[PDB]
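Right, here's the structure in full:
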């Protein structure tokens with residue numbers, strides 16, 4: 068808590084305008100958790116990309132040069 | 233040829250040094266036109282093949298005398314598909330195919346390590362030890378060859394810690410394949426070397442076996458026996 072005569076700063080690792088209950092910020096710490104793991108797409112595009120990059124290189128884009 | 237044929241069939246072994254057997258076939262096409270012949274592929278004489286058949290087998294060793302011949306074969310426009318040298322291939326027990334690329338690399342003699350061949354490469358001829366190294370070198374030289382498009386596009390950054398090693402060895406092996414030819418010196422100024430077969434076989438072993446994976450490439454460039462590389466190595470710093 069930064070208490071200044073003219074201002075109050077609340078540092079929070081995690082803060083969500085939430086109800087009386089706390090066992091919500093956990094709820095938000097929940098519905099956000101795996102819904103951040105679900106971000107395999109991040110990984111999987113790059114796969115498909117590292118894929119294409121090694122399929123245009125498959126034809127050995129140079130056969131003994133030429 | 234008739235000269236060497238003398239000492240072979242009239243008396245001993247003979248070394249027939251024919252410089253550019255190409256000029257024979259070449260001059261051939263020069264006349265083939267005027268003979269009133271139907272031009273063949275590329276405009277070469279329709280007899281190119283046979284004309285060379287009747288002058289090759291003659292250069293051979295018999296039960297009477299032996300003929301070890303080494304012929305220079307020019308490659309027109311660097312095209313190994315050209316009827317002249319192409320057709321020539323099926324005439325040799327051993328070949329040494331020279332590449333312009335390797336030449337500009339500074340690799341001399343610029344000899345294709347994956348093209349040059351010999352009927353000798355057999356375990357039933359050169360021994361196992363010499364054989365396996367032989368292919369081992371070629372293997373890792375090829376594996377480097379394939380990698381080249383990636384290197385040329387993505388650099389070495391995305392190569393495995395295993396393929397990289399193969400890039401180092403390969404290079405240093407492709408460099409150690411360079412040699413000091415006594416008939417050089419007057420230009421470059423380096424003296425020269427004849428590397429014994431046992432010492433070549435061994436030298437590459439260690440390199441494939443990784444005793445040298447520390448020494449920089451340039452150390453292995455233009456040398457003799459593998460010991461020299463270590464010498465020229467320290468000289469580097």
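Residue numbers (the entry's author numbering), protein chains in the order written: chain H, 68 to 133; chain F, 233 to 243, 245 to 470. Beta carbons are placed, not taken as given, at the ideal position from N, Cα and C, and that holds for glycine.
Inter-residue CB distance, residue i and residue j (contact presumed, cutoff 8 Å)
i: residue 127 of chain H; j: residue 237 of chain F; result: 47 Å between Cβ atoms; not a contact.
i: residue 292 of chain F; j: residue 302 of chain F; result: 5 Å
i: residue 329 of chain F; j: residue 308 of chain F; result: About 12 Å; that fails the 8 Å criterion.
i: residue 306 of chain F; j: residue 408 of chain F; result: That pair is no contact at about 26 Å.
i: residue 373 of chain F; j: residue 403 of chain F; result: 5 Å
i: residue 311 of chain F; j: residue 129 of chain H; result: Actually they are not in contact, since the Cβ atoms of residue 311 of chain F and residue 129 of chain H sit about 17 Å apart, beyond 8 Å.
i: residue 270 of chain F; j: residue 259 of chain F; result: Actually they do not touch by this definition, with Cβ atoms about 15 Å apart.
Strand pairing of residue i, partner residues [DSSP]
i: residue 74 of chain H; result: H:71
i: residue 351 of chain F; result: F:327
i: residue 250 of chain F; result: F:303
i: residue 344 of chain F; result: F:331
Chain F contact for residue i (CB, 7 Å cutoff)
i: residue 106 of chain H; result: no
i: residue 127 of chain H; result: yes
Own chain, CB closer than 7 Å to residue i, minus 5 neighbours either side, in chain order
i: residue 369 of chain F; result: 441
i: residue 521 of chain F; result: Since the first and last residues shown for chain F are 233 and 470, residue 521 of chain F lies out of range.
i: residue 396 of chain F; result: 380
i: residue 453 of chain F; result: 405, 408, 409 and 462
i: residue 114 of chain H; result: none
i: residue 77 of chain H; result: 68
i: residue 371 of chain F; result: 346 and 347
i: residue 423 of chain F; result: 413, 417 and 455
Option in the options with minimal Cα separation from residue i
i: residue 353 of chain F; options: F:325, F:396, F:340 and F:374; result: F:325
i: residue 438 of chain F; options: F:414, F:406 and F:468; result: F:406
i: residue 435 of chain F; options: F:320, F:334, F:366 and F:247; result: F:366
i: residue 449 of chain F; options: F:460, F:459 and F:469; result: F:469
i: residue 363 of chain F; options: F:452, F:431 and F:346; result: F:431
i: residue 132 of chain H; options: F:385, F:403, F:374 and F:417; result: F:385
i: residue 351 of chain F; options: F:372, F:361 and F:327; result: F:327
i: residue 250 of chain F; options: F:264, F:263, F:234 and F:262; result: F:234
i: residue 418 of chain F; options: F:455, F:337, F:297 and F:269; result: F:455
i: residue 348 of chain F; options: F:447, F:337, F:332 and F:356; result: F:332
i: residue 245 of chain F; options: F:375, F:360, F:321 and F:295; result: F:295
i: residue 256 of chain F; options: F:285, F:270, F:248 and F:375; result: F:285
i: residue 411 of chain F; options: F:337, F:280 and F:290; result: F:337
i: residue 399 of chain F; options: F:314, F:446, F:342 and F:388; result: F:446
i: residue 376 of chain F; options: F:390, F:361, F:464 and F:346; result: F:346
i: residue 117 of chain H; options: F:422, F:443, F:392 and F:401; result: F:392
i: residue 123 of chain H; options: F:394, F:387, F:444 and F:322; result: F:387
i: residue 282 of chain F; options: F:401, F:420 and F:320; result: F:320
i: residue 451 of chain F; options: F:421, F:444, F:420 and F:401; result: F:401
i: residue 252 of chain F; options: F:243, F:304, F:361 and F:287; result: F:304
Any C-beta of chain H under 7 Å from that of residue i
i: residue 382 of chain F; result: yes
Own chain partners of residue i with C-beta closer than 8 Å, once the 5 adjacent residues on each side are dropped
i: residue 83 of chain H; result: 91, 92 and 95
i: residue 274 of chain F; result: 316
i: residue 241 of chain F; result: 295, 297 and 298
i: residue 359 of chain F; result: 353 and 367
Cβ shell of residue i (< 6 Å), same chain only, five flanking positions each side left out
i: residue 290 of chain F; result: none
i: residue 415 of chain F; result: 425
i: residue 335 of chain F; result: 343
i: residue 265 of chain F; result: 278
i: residue 356 of chain F; result: 364
Margin query: If the cut-off is 9 Å on Cβ atoms, which residues from the region 378 to 408 of chain F count as contacting chain B, listed in chain order?
Written below: Checking the listed chains, one finds no chain B in this structure; the protein chains it contains are H and F.
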